[PDB]
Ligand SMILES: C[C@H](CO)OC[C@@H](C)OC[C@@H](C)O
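Coming up is one lone chain in structure tokens, specifically the form deposited without the named molecule.
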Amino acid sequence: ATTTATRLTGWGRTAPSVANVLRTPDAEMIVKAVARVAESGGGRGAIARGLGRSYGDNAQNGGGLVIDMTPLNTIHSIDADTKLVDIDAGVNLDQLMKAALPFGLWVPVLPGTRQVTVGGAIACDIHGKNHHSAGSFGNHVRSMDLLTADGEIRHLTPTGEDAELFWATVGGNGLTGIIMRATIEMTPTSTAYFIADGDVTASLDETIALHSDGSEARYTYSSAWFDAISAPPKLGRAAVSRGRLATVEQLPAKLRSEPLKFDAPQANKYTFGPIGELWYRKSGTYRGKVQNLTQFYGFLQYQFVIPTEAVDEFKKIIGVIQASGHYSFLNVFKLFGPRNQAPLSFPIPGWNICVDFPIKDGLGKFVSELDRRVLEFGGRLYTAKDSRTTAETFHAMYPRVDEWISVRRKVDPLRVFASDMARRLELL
């Protein structure tokens, strides 16, 4: 059960702060470290940390305590009939995926890396390319055990009398206490494969029409790479990949007797002319391609969603980005579906995009301009990717914030739980 003053950052490796980190596999010692912060209560307080994949400052606490939950990584049970897994909060999604597959069960929401803990997937209420059909990760949690500031472990359910604290802890960025353990309901599957259709669009307008014509209703998973650099009309052209979990009949014969296996890793004169355009189109257009899951897996990361109805507003912000002087090559676009009841949950239905800007003069100020425009158009930023926006902005993007903050003040009156993000965004 060691303790180390550590200089910590998020994945973005910005805004370092030093904390004492507790790393221990012993649950009892975590309860005690908490009571310990509470008795002197509460100085700089404490926050859980999972694997450190959020890009900003939610899993750091400058001059306070950070409890590394990764050692608490026990899988208690998996059951193919009830579809439930019961696991410690430090278990990660890659470990869970691998452990659940032989039961014909699939992690119901996967983000773009599986090096995330169950505790961080709940705390950021993460989403994946199936958001429009599955919701976000908080939708699939049937119970959790929350170590609260008074040292009790509350067992929370999404419809019990403890439903308000449950729903504050989904998306709550660890600020209601330390999730110790959870029960997640899994998606049944007969294979570890996808069958997928690709399409390429020529412009933002076409990208939007493809997402609005109803074709999305055929696919449980959908996302696209998106050009945010080309001037119009090329601006907003995309490479769209959509699909569903394959059934065993859909696998080729070769793959059929091991359907539930994860596989192991690991002309230029035409390129810019019309023959290159044709080739790119043909090559991103395909139907029913079978692919294993293992197939899929300095900079300011920026992600926002704009409500579905605000479509011209969304095209405007894309136009603003392209005209801005800041170039993002790696852009992921998708259309989110219905939101959940967590007050601080990020996903709303509408047009989500992740963009990644090279850090260079003028970007801070430009991104503050983006914040204003995302706000004014009904949208928000995602805490898992932020270490810069202001409290005023954040509070206006999230209109249920005061409701959440009153839940938090009930469960943690003395501020035992605190983080750099909590202080910057005035979530205490």
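Each form is matched to the other, and the largest set of C-alpha atoms that superpose within 1.5 Å is called the rigid core. When you see a residue number, it is the position in the sequence shown, counting from 1. Only residues modelled in both forms are compared.
Colleague: Give yes or no for this: do at least a third of the other compared entries, each modelling residues before and after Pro108, lack coordinates for it?
Modeller: Counting only entries that model residues on both sides, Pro108 is resolved in every one of them.
Colleague: Considering only other entries where residues before and after it are modelled, is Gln266 without coordinates in at least a third?
Modeller: Yes: coordinates for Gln266 absent from at least a third of the compared entries.
Colleague: Does the deposited sequence hold unmodelled residues between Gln266 and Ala267, and if so, how many: none, 1 to 3, 4 to 9, or 10 or more?
Modeller: Unmodelled stretch: 10 or more residues.
Colleague: Check the residues of the deposited sequence separating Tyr297 from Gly298 and report how many of them have no coordinates, as none, 1 to 3, 4 to 9, or 10 or more.
Modeller: A long stretch, 10 or more residues, is missing between them.
Colleague: Which wins on mean Cα temperature factor, 142-150 or 203-211?
Modeller: Mean C-alpha B-factor is greater for 142-150.
Colleague: Out of 344-352 and 318-326, which stretch has the higher average CA B-factor listed in the record?
Modeller: Stretch with the greater average CA B-factor: 318-326.
Colleague: Between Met397, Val367, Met69, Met29, where does the Cα B-factor run highest in the record?
Modeller: Answer, based on the entry's C-alpha B-factors: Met29.
Colleague: Of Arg237, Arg218, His155, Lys334, which one's C-alpha B factor is largest in the deposited record?
Modeller: Top of the list by C-alpha B-factor: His155.
Colleague: Please say which third, lowest, middle or highest, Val290 falls into when its CA temperature factor is compared across its chain.
Modeller: It belongs to the highest third of the chain when residues are ordered by C-alpha B-factor.
Colleague: If you rank the chain by CA B-factor, which third does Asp86 end up in: lowest, middle or highest?
Modeller: According to the entry, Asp86 has a C-alpha B-factor in the chain's middle third.
Colleague: Divide the modelled residues of the chain into thirds by Cα B-factor and specify which third, lowest, middle or highest, holds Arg44.
Modeller: Highest third - that is where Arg44 ends up once the chain's C-alpha B-factors are sorted.
Colleague: Mind checking which third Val116 falls in for C-alpha B-factor across the chain?
Modeller: It belongs to the lowest third of the chain when residues are ordered by C-alpha B-factor.
Colleague: Please say which third, lowest, middle or highest, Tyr302 falls into when its CA temperature factor is compared across its chain.
Modeller: It falls in the bottom third of the chain.
The same protein also has a form deposited with the named molecule bound, omitted here; what follows describes it.
Colleague: Taking the named molecule in the deposited bound form and overlaying it onto this form via the surrounding C-alphas, would you call the pocket open or blocked, using 3+ ligand atoms within 2.4 Å of backbone or C-beta atoms as the cut?
Modeller: Result: open.
Colleague: Of the residues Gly298, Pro265, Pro274, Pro338, which one places a heavy atom within 4.5 Å of the named molecule in the deposited bound form?
Modeller: For this set of options, the contacting one is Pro338.
Colleague: Go through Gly151, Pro232, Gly160, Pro349 and name the one with a heavy atom inside 4.5 Å of the named molecule in the deposited bound form.
Modeller: Filtering the options by heavy-atom distance leaves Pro349.
Colleague: In the deposited bound form, which of 341-349, 99-107, 207-215, 245-253 comes within 4.5 Å of the named molecule (heavy atoms)?
Modeller: Careful reading of the contacts points to 341-349.
Colleague: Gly362 versus the named molecule, in the deposited bound form: is there a non-hydrogen atom within 4.5 Å?
Modeller: Residue-level check for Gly362: no, no contact with the named molecule.
Colleague: Align on the core first; then indicate which of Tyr327, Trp279, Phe103, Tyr286 has a CA shift of 2 angstroms or more between this form and the one not shown.
Modeller: Result of the superposition: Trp279 is the only one at 2 Å or more.
Colleague: Once the rigid core is overlaid, which residue runs, three or more long, move by 2 Å or more at each CA between this form and the one not shown?
Modeller: After superposing the rigid core, the shifted stretches between this form and the one not shown are 273-281, 294-297.
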